[PDB]
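In the form deposited in one PDB entry, a lone chain appears below as C-alpha cells.
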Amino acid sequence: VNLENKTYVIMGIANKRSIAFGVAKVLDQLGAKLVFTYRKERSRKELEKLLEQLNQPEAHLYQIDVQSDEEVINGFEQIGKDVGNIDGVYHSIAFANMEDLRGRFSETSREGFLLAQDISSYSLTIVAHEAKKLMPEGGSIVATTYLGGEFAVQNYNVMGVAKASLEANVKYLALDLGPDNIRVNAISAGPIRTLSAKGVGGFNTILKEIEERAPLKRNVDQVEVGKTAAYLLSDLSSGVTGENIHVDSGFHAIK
C-alpha cells in the first residue's frame, strides 16, 4: 500500500478513540489526502485538534448528519467542488438509544428500531449513491460492522438487527455498484473502547471474554482496523467486494 494521489472521505470521527481515527492515521501515514465528515459541533472541535498529529496540509471538514438527505447530497457535492474526485469512503457511523442496548430485545419500540436502521444501515445506501458521482472511474467503500449482525449477542439488541441490515446493504451495493468498478465491503471490528461503546450493555465483560477465548487471546485496536481499511480501500484488494473481514482476533471462527 502507497496512497499518494488518493483522496478518501472518512465519516464518523468523534474523538481520538473513534475507530475512524485509527483509519485516518493509517491512511494519513500511507500518504492519502483525507476529508472528514462529522455531525456534532464537538466532533468538529476534536477533528481540528486531531489534525495536528496528522500529515494533512489542509483540513477538509464537512458537517453531515446522515439523517438528512439534503446534508449528504450537498455535503458530497461540496467535497467534489473542493477536492475533485475521490477514491473511496470509510463509513464509521451508527446510533441507537441507550434503552435499546440492554434488557429485552422484544421490548424495542418501533421508533428506536427504525432510528437504528436509518442511521446505521440506510445511511450507507445514500452515501454510496452520492459518493459514486465522485468516483467516475471506480473506487472503494468500506463500512464498519460487528459480529452482533451475524449472531444474536447479549445486549446489542436493536443494533444487532441494524448490523444484519448493514451487512446485507453491503452485499446489495456490491452487486449494484460493481459494474461501475466500485467495490463495497464491511470490516467486522472486535470490541474496542470508544465513546459509542460506553453506551452498550455488558461491553467490559465482552472485552474480557475476547482476551480469554479468541484465538489470539487479546483484543484489537483502532489501528488494526485502520490497517485492514487501507487494504480494502486500496488496489491491494481489487479482487474483493461484498466481503466482510473480521478484525477480531479470530473470535468469529470459534464457539
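By rigid core we mean the largest C-alpha set that fits within 1.5 Å across both forms. The first residue of the sequence shown is number 1, and the count goes up from there.
In this entry, 75 to 83 has the higher mean Cα B-factor, the comparison being between 75 to 83 and 175 to 183. Relative to one another, 56 to 64 and 218 to 226 have unequal mean CA B-factors, and 56 to 64 is the one with the higher figure. For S140, the recorded CA B-factor ranks within the lowest third of the chain. Only modelled residues enter the ranking.
Sorting the modelled residues of the chain by their CA temperature factor places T205 in the highest third.
Among all modelled residues in this chain, the alpha-carbon of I192 has a temperature factor (C-alpha) in the middle third. Among the modelled residues of its chain, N169 has a C-alpha B-factor that falls in the lowest third, as given in the PDB entry. When the modelled residues of the chain are ordered by their C-alpha B factor, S123 lands in the lowest third.
Below, we turn to the form deposited in another entry, even though it does not appear here.
Once the cores line up, the CA of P215 ends up 2 angstroms or more apart between the shown form and the other one. Superposed on the core, the two forms differ at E41: its CA moves 2 Å or more between the shown form and the other one. The pair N219 and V23 approaches in that other deposited form: their C-alpha atoms are at least 3 Å nearer to each other than in the form depicted. Legend note: Cα of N219 to Cα of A24 is at least 3 Å closer in that other deposited form than in the depicted form.
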